[PDB]
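So the sequences go chain by chain: A, B, C, D, E, F, G, H and I. Take the position in the first sequence, starting the count at 1, then add 143; the result is the number in the numbering used here. Heads up: the second sequence at position 97 corresponds to 87 in the numbering used here, and the numbers run straight through without jumps. Take the position in the third sequence, starting the count at 1, then add 143; the result is the number in the numbering used here. Heads up: the fourth sequence at position 96 corresponds to 86 in the numbering used here, and the numbers run straight through without jumps. Take the position in the fifth sequence, starting the count at 1, then add 1257; the result is the number in the numbering used here. Heads up: the sixth sequence at position 54 corresponds to 44 in the numbering used here, and the numbers run straight through without jumps. Heads up: the seventh sequence at position 53 corresponds to 43 in the numbering used here, and the numbers run straight through without jumps. Take the position in the eighth sequence, starting the count at 1, then add 1257; the result is the number in the numbering used here. Heads up: the ninth sequence at position 112 corresponds to 102 in the numbering used here, and the numbers run straight through without jumps. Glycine residues also receive a C-beta, built at the ideal position from the N, C-alpha and C atoms. In what follows, a structure is listed as structure tokens, so that the remarks can point back to it.
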Amino acid sequence: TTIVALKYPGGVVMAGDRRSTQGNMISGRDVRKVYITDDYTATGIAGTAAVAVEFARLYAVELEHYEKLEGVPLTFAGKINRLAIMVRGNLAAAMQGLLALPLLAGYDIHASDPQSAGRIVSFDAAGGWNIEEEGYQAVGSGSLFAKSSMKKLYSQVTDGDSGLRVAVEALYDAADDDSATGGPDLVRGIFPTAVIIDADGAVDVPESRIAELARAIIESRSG
Amino acid sequence: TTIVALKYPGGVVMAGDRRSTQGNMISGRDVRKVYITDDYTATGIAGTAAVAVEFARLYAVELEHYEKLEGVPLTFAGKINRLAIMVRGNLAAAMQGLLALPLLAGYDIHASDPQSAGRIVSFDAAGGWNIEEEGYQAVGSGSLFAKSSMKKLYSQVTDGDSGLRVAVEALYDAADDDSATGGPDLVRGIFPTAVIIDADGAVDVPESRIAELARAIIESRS
Amino acid sequence: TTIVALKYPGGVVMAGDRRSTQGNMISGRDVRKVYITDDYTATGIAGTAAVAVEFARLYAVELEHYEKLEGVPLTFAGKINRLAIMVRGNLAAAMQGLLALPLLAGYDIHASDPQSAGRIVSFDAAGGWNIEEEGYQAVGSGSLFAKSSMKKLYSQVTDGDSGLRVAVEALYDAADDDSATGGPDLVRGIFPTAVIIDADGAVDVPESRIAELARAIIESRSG
Amino acid sequence: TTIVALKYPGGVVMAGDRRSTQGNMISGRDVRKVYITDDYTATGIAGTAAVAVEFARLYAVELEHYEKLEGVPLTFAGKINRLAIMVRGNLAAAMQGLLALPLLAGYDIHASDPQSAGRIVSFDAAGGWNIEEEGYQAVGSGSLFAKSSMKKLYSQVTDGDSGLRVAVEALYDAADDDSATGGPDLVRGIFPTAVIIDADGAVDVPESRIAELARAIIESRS
Amino acid sequence: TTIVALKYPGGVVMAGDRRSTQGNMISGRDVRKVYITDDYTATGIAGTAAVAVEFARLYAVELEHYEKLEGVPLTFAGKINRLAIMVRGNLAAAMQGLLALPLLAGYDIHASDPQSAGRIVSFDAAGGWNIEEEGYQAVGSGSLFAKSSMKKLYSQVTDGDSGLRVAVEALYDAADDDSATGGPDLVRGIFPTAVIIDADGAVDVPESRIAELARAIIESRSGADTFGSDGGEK
Amino acid sequence: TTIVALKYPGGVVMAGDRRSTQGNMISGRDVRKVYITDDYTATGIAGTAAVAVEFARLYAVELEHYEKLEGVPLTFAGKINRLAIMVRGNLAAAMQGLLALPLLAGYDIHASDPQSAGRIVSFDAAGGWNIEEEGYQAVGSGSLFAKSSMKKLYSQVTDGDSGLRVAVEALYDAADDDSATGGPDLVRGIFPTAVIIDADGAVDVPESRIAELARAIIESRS
Amino acid sequence: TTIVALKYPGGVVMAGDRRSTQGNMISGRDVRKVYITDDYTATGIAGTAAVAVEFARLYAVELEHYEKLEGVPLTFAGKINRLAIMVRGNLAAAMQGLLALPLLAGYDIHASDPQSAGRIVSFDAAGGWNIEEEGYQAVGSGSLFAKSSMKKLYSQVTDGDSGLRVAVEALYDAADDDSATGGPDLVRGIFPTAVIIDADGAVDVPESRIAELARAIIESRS
Amino acid sequence: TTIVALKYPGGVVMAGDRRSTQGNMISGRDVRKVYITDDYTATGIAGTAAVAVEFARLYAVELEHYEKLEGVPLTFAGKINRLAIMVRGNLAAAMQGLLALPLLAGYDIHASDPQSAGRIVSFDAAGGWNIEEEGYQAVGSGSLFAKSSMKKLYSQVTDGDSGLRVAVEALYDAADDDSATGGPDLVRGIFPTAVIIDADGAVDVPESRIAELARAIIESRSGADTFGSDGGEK
Amino acid sequence: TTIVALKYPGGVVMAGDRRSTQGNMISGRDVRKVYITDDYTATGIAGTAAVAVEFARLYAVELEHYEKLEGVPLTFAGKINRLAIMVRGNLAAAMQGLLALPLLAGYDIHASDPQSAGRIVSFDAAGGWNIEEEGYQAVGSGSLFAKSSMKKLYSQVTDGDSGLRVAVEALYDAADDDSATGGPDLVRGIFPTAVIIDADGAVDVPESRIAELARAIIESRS
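The following block contains the structure:
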């Protein structure tokens, strides 16, 4: 599994692969790992698939429950604290083989500067959180390769489209160097899923655009 | 890793993949796992790459040493016995995580019927050997998927080219269902290697033929 | 044990073998492993036989209990969630040897297109569920061989009868490659059980049809 | 794996199944487990397949080596002693999962009464041996079922043909109650192998007769 | 310990041996292992003797308690479920050396065909139950030999008497191949106990009939040994 | 991680590094480890980063809660006791790997002499606390090197500016001798964070002054 | 520790860092990890420093011994085989923590095309070796980051100078992401060491050129 | 135990403490830990005392044996290699608690520049060696404190006397921060031992010079403590 | 750590060292280990510093709590019983590495003879208490050396001053033979603390008197 998130002027984009494996055997080819928790945040979770799905569902339920109870959505730091508390509480299960590491990307509406309202938060196994100030972050087995690719490709990010292309290329590199991460499957037409968040909210990227970007990257690397 | 071998009328063909991994990390993309030990036998070894290369080299050295010393090549049963002895002697190291399971394909010149002179021999971790009578066998992590694919596809084998196509398709299925087995890499132009053995000896299949077969299979499945 | 399920236009069919073993000794020859939990779903469970029977009974009781209490049956995703919860709760006992891996197939009456209303759901040991999109799935010791056979045979499925024949042939292959899976016993006249679900509900396949299909397959492979 | 042997007036017969498994997965369908060590004895070995093959080969080599060196074959007691010594020496490796339990059947040319010259010898894991006096014995995973079937069926043994039928039926029962023992494969046409030993020596039973007996048994139980 | 049960037209018969051992020592010679839980079911339990007796008593108490409370006896499947629940509950004690494997035989008064109303149920260590429909079943250490003997002898069963003879012969074979199972003791006059269930209920078999059957079986075996040989050698 | 604190005439200064690591990999470059708990105390915590942040937040919340409830801030000894109790209660988690060692520096308004109101308190894993009377203290992996540098550089401290320079140089030495402690990153413009406490309360040192001091130290050692 | 190697038209280059650590403590700042084994091959060894130095010394001694004895240097395959044998023989001691993973770069004078005479060979802990065909390879703790940086930067390599700059930048990235790898120390004037091999042989790169390249990279990334 | 060695223009100096402990108990107060192996090298060993003495004795014997056999002393690299081989061969016994870490200081007569002929070599437990380039090194339990003190005090080293004073002060700091290192004992008159190597060979420093240097250091420390304050309070 | 207590005509004197260590490193130089629990008893606790401080604080709180509740101070035996109960209850924590061994010295107001009213009580790890009748006792790592010194020096005790000198000399000997015990620091001017208890209560000994005694002892032994 590999999930990447990066900031661009005016928003943030998160993308993830589609492969789930049980050892060396491939058990899934269309797993979705990026979820829209609310109108302005997206969460990607790596590790055990069942724990990831349960975590995303519970986190979305908790956020919506607070919003309905109080009539006002939580602040971004409050959402970070809730996710960190959940990760800290899952420590005993993580030590038993049910580890789940989330990745939070969101748009801060209350931020003073709309062009710097994108936020990326990374979590560790002990529940600690850190707000990324370098503009990109990745989680999963292929996270290191994706981060090293983004370190060189981040100078090309100028808007949403370029950021999406860079994220797709980072996922392609991660799948190229990690067997647990699946690359663009042209035979079955299965492509990574992406979410773009801006001032108008979080929307899902259509599959056609991601397919076009993946084909362009493959053609560029073929010669 | 996955290595397949199947019999066709008049010969035998063996093919293997190119991927080698260290856990979940891909460390090799062009490893050659099928060797031509002599003029009529080919050996594919799965497991640890270092042990596989060492075993292939030592086995070829031993066979050529006997042939030069005695002036006559060993019989097929003798080659089977020597390979089984090597596998049996490697048991202690295999129990430490250095397992290596070879697959042997050959063309018996001393066989009575030329059309049934192909031979496929499989080996287990205890050194036991068994001559396969179903006409196909596979070894490696993805061996089960390739064997099950060949079970359905073996009815289409009537010559060397059809057998090569079936072997390539079986390797494609094994790589499709196993992450440790590499499929045809179209971006880098890396394709599985194959060896065809017949009455005229053992030759390496050119890369262009395997590339054409792999592209045909990919177009068929898309 | 081996249980197979596959989708055909307008429905879904699930079949399972009849053999239970205690190590190498054969203890049962007519075990039924496919249950009709309600009018539009069928459940096949592999692993320990006692745990499978208890799971099927408890799951059917829970579904009927909810339907009677609320006056309306659960949605398909609700049934999936309840089964996943049961599997997740059984994890501690599964680690001790009482492992149970279910397989759920159903027909969604609320689905948009009637011809694509068939559903197949697979579960893992951690409770993770995945709605299968390939059109077939299998569980049990001989699951791999049956799945590989269905991969090559699924192109022939065009209606309920062809799908049933493909399922029977996949079970035959699984029994041919797995000693823990029982094949068609012609001496005792014992054949695998199958269930077909369509718009009219779930019905049991009569033994005569399955016996005829098994004899046809055996005669096909004998020459 | 299941190997049976029973005595009939004027000789002895030994039969064994053909299946070899690796856990629950079937790996072999035509394994031959009964060997003709010399002109008047046959040896069937259960357990690990590789160890069984190696034991049979080494035992035959040792017996033939002694016969060539001395110009006179070993007495039956000497053969029993050598096999027991081999089993005793294999104890340390058997404790590591390489167990091999042989079954020895032979015809004693030097015996007084020719009609009772048949001999059946069983072995344990500690190397001990015992000459059976009840007329039948079996080894392997399905040995108990085969012996319990032969206990009821032994009263019908009056000649070589009836003894062969009883042995085939016992193997059928063992395969019926045990998954590790393969039954008659009518689809593939694979049947258990048998060896008949009498005053004229040890010969291999033709496959057609065993197929006829198996089909008769199946029709009887259908 | 070995308990056998087989179906005959019109009923069912269950029999068990009389020996209890502590290792290689023989600690008991007249232990009774077949119980009449109610008017139409009999239960035999193998394993630890104390756990077997406690299980039989508790199961009978539970069945009679339900019958008295509700005024109607449980259905056969209900009794099967209660016994399976008890076996499943005893899993922790079984893992510590207190295993008890029961064997349930009964007559279903509510069954459609009176001649096929007999039922035999077998249980495993995990509490799973399977209604045996091949006509016979056995439990205990010598269960395999008795089951294999019944496989060859079941074709002779035509009524209650033949079924009882087959059960006694199966127990004799099991004791012949198992040291932990006691055989017919002619010196002390101790014979296995049997229960026959039919449309009129479950009744204990008198010892005289079982003694006669055991003597006939022993005489037949001795005569066969006299007639038989080791392929021509005695 | 390395956090240093030292007393100067009229107050106290505490500084810490910015690097967090996961084994050998560098995962953080702008981590803040010095917190202003209230108007006159600053707390720096070393060890696991998550536990440090949680402890700082909980300690500040508890102090403010007591102040709001009673209408009067806790005495310095009361704050020491609360922090020691928290450390003692975290012992079980620390033995499992979640170890956190805090360092407390504060200004005592109720002290007799204003010039000697600076306070430095050190803690151990067992919850024991000691008020340092030597003028400096350091915690973390690089604590030994920083303390040994401060032992030689403390004679130059005469006011807040010289004390801040000495603290920055001690952090530079700790980073120079320890890989887990990050030095002044001139490429990214990241410098250690410091807090100065005096009679007017606790304030954060602007980054420009610390950058100037670090550049001066680097020029001195070049 | 990080040692990189990459191929450029007409030669090959290898560079390594200078830091040696003991846990989180920095124990060495001017360690040399790249050795010139002979006139056309260079070897860099990662892992335990003592084992690396001993391996380099012994390997150079063996190569020179063979060259002096036979009057002709070993072929490149022979050198690869000897290094693989040494790595395989060190497996038992590596299991105790004395691990050494070498990287071999050389120039094949017997190669047909002079522009493709460069060779890069990597080794695993089991003694297996693989001739890299993608043009670059790295070993050590920071090997992954350096390799991923070279993957992006390899398109700029056209001659020796560009290859040297790319190798220096890859080492800079590896030090930037790994704390066990030392970066260019401008305060002490310590820079990574590099070796360039071409048709004229292997020579050590002067420190001034590497210092200029490192300063250019630092100013580029500032 | 703490042994220090630093370079000065024209030579090298090595010094060590005198205390040996068995846990928290003081067992020795006048242990000599710096040996003159030959005319131009000095070796100090930290760790177990017995292993240290045996190491120094065997190393000196080996060097003298080679010099007598060949008629020419070993080069400095040869001595380093022999000591590294000894350390590597002692690894198995060091893993059982018999650890010995040597420190080597020497004066290479074959070096080009006479003023930079001093050499300091440090060894690890795996037998690896490194020629120090910073001009000072220390080994022992208190090595970190002595090395950190020398890092600050090395700017004052201009000749042999100043280097000796710096080494004595580093040992004083190491003893001040480590309980296993013994400080100058004024009551018993026991002081650290030092060896200084120059172009004329290796000689032992007389005890009076070290005693007066230690006394001056103690007086300076006491005066600084009197002058200083805890940020305003004493 | 070492704490000594001895009886002199008319009272009792208790003294202790000032050093706290973490293995071989010295972490504290002015630790106070003798506490005035109430007007007529003093308690010295050895072992872990945190446990000792907590024990002293809790014991003083309990004694004052009882005195305030009942309006009458506890008898000496009641204080002994409470301290023994606390020590016994701390057994589980002591077995895990948090051992604390106290030493109680007091003056009995209700005793018959004023000149023999001094009391010394020692405790073991199991909570057992014993009223010492030998006239002196010591606890800590250097307790044996201090007790052996007092065994020879106790004949010189005739009043409070001589007893204080003997206690100081015993502490000096304990520090002389034990590295974990701190001796008189004449560079920093740190000396052991002492408490003198008599009919007028318990008073802390001024540092000047102890410094004079320590200097006299050092000059005597020089």
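Under the three-state reduction of DSSP, which class applies to residue i: helix, strand or coil?
i: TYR202 (chain A); result: helix
i: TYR1323 (chain E); result: helix
For chain C, is any of its Cβ atoms less than 9 Å away from the one on residue i?
i: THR38 (chain D); result: no
i: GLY1384 (chain E); result: yes
i: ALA1451 (chain E); result: no
Taking 9 Å as the threshold (beta carbon to beta carbon), is residue i in contact with chain G?
i: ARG1345 (chain H); result: yes
i: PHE219 (chain A); result: no
i: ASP163 (chain F); result: no
With a threshold of 9 Å between beta carbons, is residue i in contact with chain H?
i: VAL2 (chain F); result: yes
Starting from the beta carbon of residue i, find every residue of chain F whose beta carbon is closer than 8 Å, and list them in chain order.
i: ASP20 (chain I); result: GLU123
i: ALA1481 (chain H); result: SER145
Against residue i, what residues of chain G qualify as contacts under a CB-to-CB distance less than 9 Å, listed in chain order?
i: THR11 (chain F); result: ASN14 and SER169
Are the CB atoms of residue j and residue i within a distance shorter than 9 Å?
i: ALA345 (chain C); j: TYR183 (chain C); result: yes
i: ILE1447 (chain H); j: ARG1339 (chain H); result: no
i: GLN146 (chain D); j: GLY1488 (chain E); result: no
i: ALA170 (chain F); j: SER139 (chain F); result: no
i: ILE75 (chain B); j: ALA95 (chain B); result: no
i: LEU93 (chain B); j: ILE26 (chain B); result: no
Find the residues of chain H that neighbour residue i, judging by a C-beta separation of less than 8 Å, and give them in chain order.
i: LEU88 (chain G); result: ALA1383
Quick one: which chain B residues come within Cβ less than 9 Å of residue i?
i: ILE361 (chain A); result: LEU176 and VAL177
Strictly below 8 Å CB to CB, what residues from chain C border residue i?
i: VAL196 (chain A); result: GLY271
What does residue i touch in chain C if you count any residue whose Cβ is under 7 Å from its own?
i: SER131 (chain D); result: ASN167
Taking C-beta pairs closer than 7 Å, name the residues in chain G that residue i reaches, listed in chain order.
i: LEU287 (chain A); result: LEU134
Please list the partners that residue i has in chain B, where partner means a Cβ-to-Cβ separation under 7 Å.
i: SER265 (chain C); result: The premise fails here: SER265 (chain C) is roughly 15 Å from chain B at the closest Cβ pair, so nothing lies under 7 Å.
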